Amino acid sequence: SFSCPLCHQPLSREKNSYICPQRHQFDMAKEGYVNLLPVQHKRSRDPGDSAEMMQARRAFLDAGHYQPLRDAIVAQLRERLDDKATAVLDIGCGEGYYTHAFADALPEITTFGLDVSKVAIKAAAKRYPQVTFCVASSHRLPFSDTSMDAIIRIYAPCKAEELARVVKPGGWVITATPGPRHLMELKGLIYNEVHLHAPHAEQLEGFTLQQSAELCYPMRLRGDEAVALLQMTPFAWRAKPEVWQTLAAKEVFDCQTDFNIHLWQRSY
């Protein structure tokens, strides 16, 4: 039920191509995703998130350190969605560590994983068949209005209007971002005085906060795992050698995680 990245009209499908009323065709890569981006802009980049690191976030998550969060969302959905659900969408579905679990937990429905990392989507789509992965910029969702029963937003940004447009009325939106104390001990190894900042409750014109939770728990990280984790965080470069030397030789590093989950309904 995609929309045309270009004319924004329903994408009708023929075998393995998507075509819109005005003859815009998008083919499916051999793996199964649907590229939906332009032809040659900014694709050329300044990564940070290229194959190397994707394999990291991935390899890190495959240790399930974050599974609690997935479990939380999965159950969250297993509950709100009724038996009249057709499909859910996962904005920012990276290589789909989280999404494939949602799908495996919602068989009767179609699971979509949108992300903007071609390299990521490729990896996802190849590993997880139970998900229809599409590759595009979510500044304007690649879906027809009122087409989704729920949308999962795990730390990936999005506009309110698009939420209102794509989500059926009575539908859901589930968002999860880091909480104040998320990964303190780590930030504790590199900052002058660690400033945790108290997040203001946000709002989605069009929805209703039906539940707000917090999920905090401690992780016993091994040397590598820690460094690995430090490696994929905004501050990584403030870590002076000493930090990495110790953090890496550390038998067990202790770090707590604090995620902030939300759950709104698309008003009827």
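The first residue of the shown sequence is 1; numbering continues from there.
Enquirer: Per the entry, where is the mean C-alpha temperature factor higher: 59 to 67 or 229 to 237?
Expert: According to the PDB entry, the answer is 229 to 237.
Enquirer: Averaged over C-alpha atoms, is the B-factor higher for 4 to 12 or for 258 to 266 in this PDB entry?
Expert: Going by the record's values, the stretch with the higher mean is 4 to 12.
Enquirer: Highest recorded C-alpha temperature factor, please, choosing from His197, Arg78, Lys168, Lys187.
Expert: That would be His197, according to the entry.
Enquirer: Highest recorded C-alpha temperature factor, please, choosing from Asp145, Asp104, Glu95, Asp83.
Expert: Reading the PDB entry, the winner on C-alpha B-factor is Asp83.
Enquirer: So where's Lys122 on the chain's Cα temperature factor ranking, which third?
Expert: As the PDB entry reports it, the C-alpha B-factor of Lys122 lands in the middle third of its chain.
Enquirer: Taking the values exactly as deposited, rank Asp149 by C-alpha B-factor within its chain and report the matching third: lowest, middle or highest.
Expert: Lowest third - that is where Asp149 ends up once the chain's C-alpha B-factors are sorted.
Enquirer: Of the three thirds of its chain by CA temperature factor, lowest, middle or highest, which one includes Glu162?
Expert: Within its chain, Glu162 is a middle-third residue by C-alpha B-factor, going by the deposited values.
Enquirer: Could you place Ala51 in the lowest, middle or highest third of its chain by Cα temperature factor, using the values in the record?
Expert: Highest third.
Enquirer: Ranking the modelled residues of this chain by C-alpha B-factor as given in the entry, is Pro38 in the lowest, middle or highest third?
Expert: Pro38: CA B-factor falls in the highest third of its chain.
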